[PDB]
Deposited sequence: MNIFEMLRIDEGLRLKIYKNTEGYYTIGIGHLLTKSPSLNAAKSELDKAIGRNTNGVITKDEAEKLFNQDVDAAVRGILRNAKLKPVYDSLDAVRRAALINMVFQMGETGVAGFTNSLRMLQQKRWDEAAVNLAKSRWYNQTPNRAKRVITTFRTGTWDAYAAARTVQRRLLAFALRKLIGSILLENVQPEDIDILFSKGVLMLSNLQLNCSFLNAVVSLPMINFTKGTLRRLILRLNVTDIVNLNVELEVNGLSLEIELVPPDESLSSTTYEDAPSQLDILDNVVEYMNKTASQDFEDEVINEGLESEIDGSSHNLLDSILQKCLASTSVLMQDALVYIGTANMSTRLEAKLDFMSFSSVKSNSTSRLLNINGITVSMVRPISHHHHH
């Protein structure tokens, strides 16, 4: 369906980001503001929820904002005079492509494509596709433009499936690099391939990379050992990403929030990922953000030392709830 398509095109991001046009945007392609002042952006989100945020949202809020943005899109199309005749005639797929464009560039601006809108009422797909290739929008999002145009041309979901495959490939690269970064163990592409072929990947007798932890948590970690690590991907629906990370037998030693993680990799891997992404034929930043945003975390039988005090944890979980994700912890006993 359409939400899948737009998820592919826009992706997901938890912090405030500059969209395809350069304007300030949040969530799954929700455009906050046309203004380029950062704090001037803070208005639409805060208004949407009703509480002071400093520019951050939750996943369900991004999904709600998604559904709502598509609803505003359909309001706009029916409101708009030149497009509604063009739209009323079309089938689900082409309708979806139109909705995508209107979603992307807004109600007001899209109605300027008179030549092509008319070209679409008459159902002249080919030369329409040639003409849309010669448009400011192709300049904005040439890849996306090519996909939407393809959708308009053939009338099926052929163009976006390839994008789905690409998403899988990139996500695999990102997960290999990330798990690689957390641990001292060598994670081959074959194991992540296992994580994608079968839903599960379990690594055992591992060891945390203390440099990673020191950089992310930021407070000195001495050593970290994890008995068992379980990763799971909603492979059946990779576009609506759901990640399941689980750590059993965590063993942290310490001597005396998420965004920085993204920063670290952004530094260290962006080049190599770029080297790979070009090889396959700042991109890694989006993938990682969607990944870490989609993940729900579990941990069992952890052991932490601080210094030295000892904290023993029976079970903990990190999931989304009704100003952020909730960290529920069970079975803490602290001793010497």
| property | result |
| --- | --- |
| Missing CA stretches, deposited numbering from 1, N-terminus first | 1, 220-222, 261-280, 306-315, 342-347, 363-365, 380-389 |
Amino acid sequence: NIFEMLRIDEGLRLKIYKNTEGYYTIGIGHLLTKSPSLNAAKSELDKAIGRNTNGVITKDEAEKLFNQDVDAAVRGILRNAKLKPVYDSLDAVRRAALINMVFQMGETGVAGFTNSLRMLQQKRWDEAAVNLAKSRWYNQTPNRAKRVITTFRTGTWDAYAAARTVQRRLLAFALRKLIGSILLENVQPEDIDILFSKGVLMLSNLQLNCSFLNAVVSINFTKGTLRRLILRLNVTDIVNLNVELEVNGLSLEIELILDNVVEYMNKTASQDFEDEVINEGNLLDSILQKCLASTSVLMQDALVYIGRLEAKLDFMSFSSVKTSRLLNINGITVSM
From here on, numbers count along this sequence of modelled residues.
{"query": "195-203 versus 231-239 - which carries the larger mean C-alpha B factor in the record", "finding": "231-239"}
{"query": "Mean C-alpha B-factor comparison - 311-319 and 13-21, higher one", "finding": "13-21"}
{"query": "Peak C-alpha temperature factor (PDB record), options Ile306, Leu65, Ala302, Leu45", "finding": "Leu45"}
{"query": "Deposited CA B-factor, highest of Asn52, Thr58, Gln289, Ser296", "finding": "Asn52"}
{"query": "For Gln167, the third of its chain into which the C-alpha B factor falls", "finding": "lowest"}
{"query": "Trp125, C-alpha B-factor rank within chain (lowest, middle or highest third)", "finding": "middle"}
{"query": "Assigned third (lowest, middle, highest) for the C-alpha B factor of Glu246", "finding": "lowest"}
{"query": "Ranked C-alpha temperature factor of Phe113 among modelled chain residues, by third", "finding": "highest"}
{"query": "CA B-factor placement of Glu255, once the chain's modelled residues are sorted into thirds", "finding": "lowest"}
